[PDB]
Amino acid sequence: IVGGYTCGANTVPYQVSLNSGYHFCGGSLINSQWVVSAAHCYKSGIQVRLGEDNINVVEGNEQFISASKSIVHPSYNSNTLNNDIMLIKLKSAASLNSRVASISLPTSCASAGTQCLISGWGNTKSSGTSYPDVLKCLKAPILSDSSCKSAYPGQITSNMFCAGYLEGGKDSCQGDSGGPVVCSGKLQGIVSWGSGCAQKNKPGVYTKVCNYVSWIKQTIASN
Ligand SMILES: NC(=[NH2+])c1ccc2[nH]c(-c3cc(CC(=O)[O-])cc(Br)c3[O-])cc2c1
Ligand SMILES: [Ca+2]
Ligand SMILES: [Cl-]
């Protein structure tokens, strides 16, 4: 997260860290046994870390659970990043409490101007790499589809939306991929891609979760 602030320990109880000997992507807990992340974060040997704040220190509240299976959306396109969503089933259910909790799926899509909370342990530099130990937060609005298409002509599908600041300086970045974009208590987006991080007129692009609710429910119901 570039230009964000320190969230504060366990203030984002649905945020998870995908770990393979290091933190490589974020995710959101949607129930005690399932996590939603981005398809391009897929790899084998994933350990999901819940209740984290400092990812380099065991501070208490952490639950480390292996993923039993990862389900990348069948129509995911790694060249356009269209349908950049993945569901991860945990080997055992997590113990939910005030520090570890799931976030709700939306019932409707959000409108432009909606303010959302984006969080993650991704890079904090736009010009260089600096990875934080604790969780960073960024409040950002969803932009209109016209501004988004204007910024990324020909690259925005109906399953994506832009959120951020056209002036640059505040944005999600590598390392934050797969994590949550929560607006009014519902998971509306998944951090997916952008041109650089925090560059002027190059806002972040997020997977539009409201377009996948039925797929998520049906897939979880059958696995
Ligand atoms: N501007 C944004 N809002 C944004 C959001 C997610 C991002 N993810 C990535 C990303 C970049 C790499 C670069 C590399 O190959 O080292 C790798 C991954 Br995986 C990313 O998700 C960039 C990136 C930018
Ligand atoms: Ca920790
Ligand atoms: Cl276009």
Side-chain angles (χ1 to χ4, degrees), residues 7-55 57-74 76 83-108 110 116-122 134-135 137 176-192 206-223:
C7 307
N10 307 102
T11 53
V12 189
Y14 49 89
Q15 169 85 229
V16 322
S17 168
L18 298 187
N19 188 282
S20 56
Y22 54 104
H23 167 82
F24 64 88
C25 273
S28 301
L29 185 65
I30 57 168
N31 64 51
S32 52
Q33 218 168 339
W34 295 86
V35 164
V36 183
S37 184
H40 81 260
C41 285
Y42 173 86
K43 66 165 61 177
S44 57
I46 299 175
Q47 180 179 59
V48 173
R49 296 191 170 196
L50 304 89
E52 287 282 16
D53 183 36
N54 182 326
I55 50 168
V57 176
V58 171
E59 302 177 286
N61 296 308
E62 293 92 342
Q63 287 179 54
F64 294 172
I65 308 177
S66 299
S68 27
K69 51 156 58 182
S70 293
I71 301 183
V72 164
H73 190 280
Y76 164 62
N83 301 301
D84 192 11
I85 182 170
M86 163 176 82
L87 290 171
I88 302 179
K89 192 180 192 195
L90 304 185
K91 186 175 288 183
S92 35
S95 312
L96 304 186
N97 51 70
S98 32
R99 280 80 83 233
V100 176
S102 48
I103 182 66
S104 298
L105 290 177
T107 42
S108 51
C116 310
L117 180 71
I118 307 179
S119 48
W121 289 276
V134 302
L135 191 66
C137 280
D176 292 317
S177 288
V181 179
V182 173
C183 321
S184 311
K186 307 289 184 178
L187 179 69
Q188 291 286 181
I190 299 170
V191 178
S192 180
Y206 306 88
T207 302
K208 193 171 183 169
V209 179
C210 61
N211 288 357
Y212 299 96
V213 179
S214 322
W215 180 74
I216 290 169
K217 292 175 175 180
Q218 293 176 327
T219 301
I220 289 179
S222 51
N223 280 275

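All residue numbers in this chain count up from 1 along the given sequence. All values below were derived from every heavy atom in this structure, side-chain atoms included, with hydrogens, water molecules and symmetry-related copies excluded.
Atom CG in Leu18 sits 4.5 Å away from atom CD1 in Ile88 (nearest 0.5 Å). If you take OH on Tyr14 and CG on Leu29, they are separated by 11.5 Å, rounding to the nearest 0.5 Å. Rounded to the nearest 0.5 angstrom, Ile85 CD1 and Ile71 CD1 are separated by 11.5 Å. The distance from the CD1 atom of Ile103 to the CD atom of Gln15 is 11.0 Å, given to the nearest 0.5 Å. Summarising the geometry, atom OG belonging to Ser192 is positioned 10.0 Å from atom CG belonging to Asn83; distances are rounded to the nearest 0.5 Å. Rounding to the nearest 0.5 angstrom, the gap separating the CG atom in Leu135 from the SG atom in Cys7 is 3.5 Å.
Across all their heavy atoms, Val72 and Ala39 have their closest contact at CG1-CB, 3.9 Å. Scanning both residues, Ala94 and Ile65, for their nearest heavy atoms gives CA-CD1, 3.8 Å. Closest of all the heavy-atom pairs between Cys25 and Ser177 is CB-O, 3.3 Å. The heavy-atom pair separating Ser102 from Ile30 by the smallest distance is CB-C, 3.4 Å.
At least one donor-acceptor pair closer than 3.5 Å links the side chain of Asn97 to the backbone N or O of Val100. Counting only distance, with no hydrogens or angles, the side chain of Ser37 and the backbone of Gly26 share a donor-acceptor pair below 3.5 Å. For the pair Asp84 (side chain) and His40 (backbone), a donor-acceptor distance under 3.5 Å is present. Between the side chain of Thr219 and the backbone N or O of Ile216 there is no donor-acceptor pair closer than 3.5 Å.
Legend: residues meeting ring-ring contact (aromatic ring centres under 6.0 Å, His included) with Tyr212, ordered by chain and number and at least two apart, are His73. Under the side-chain contact (heavy atoms from CB on, under 4.5 Å) criterion, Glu59 pairs with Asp53, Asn54, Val57, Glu62, not counting sequence neighbours. For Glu52, there are no side-chain hydrogen bond (donor to acceptor under 3.5 Å, both in side chains) partners, not counting sequence neighbours. Judged as a side-chain contact (heavy atoms from CB on, under 4.5 Å), and not counting sequence neighbours, the contacts of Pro106 are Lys186, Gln188, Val209, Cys210, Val213. Legend: residues meeting side-chain hydrogen bond (donor to acceptor under 3.5 Å, both in side chains) with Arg49, ordered by chain and number and at least two apart, are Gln47.
Between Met86 and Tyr76, every side-chain heavy-atom pair lies at or beyond the 4.5 Å cut-off. Looking only at side-chain heavy atoms (C-beta outward), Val191 and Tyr206 come within less than 4.5 Å of each other.
Sorted by first and then second residue, the side chain to side chain donor-acceptor pair (under 3.5 Å) pairs with a member in residues 21-36 read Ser17-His23, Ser20-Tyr22, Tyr22-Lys43; sequence neighbours excluded.
With no hydrogens or angles considered, a side-chain donor-acceptor pair links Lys69 and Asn223 at under 3.5 Å.
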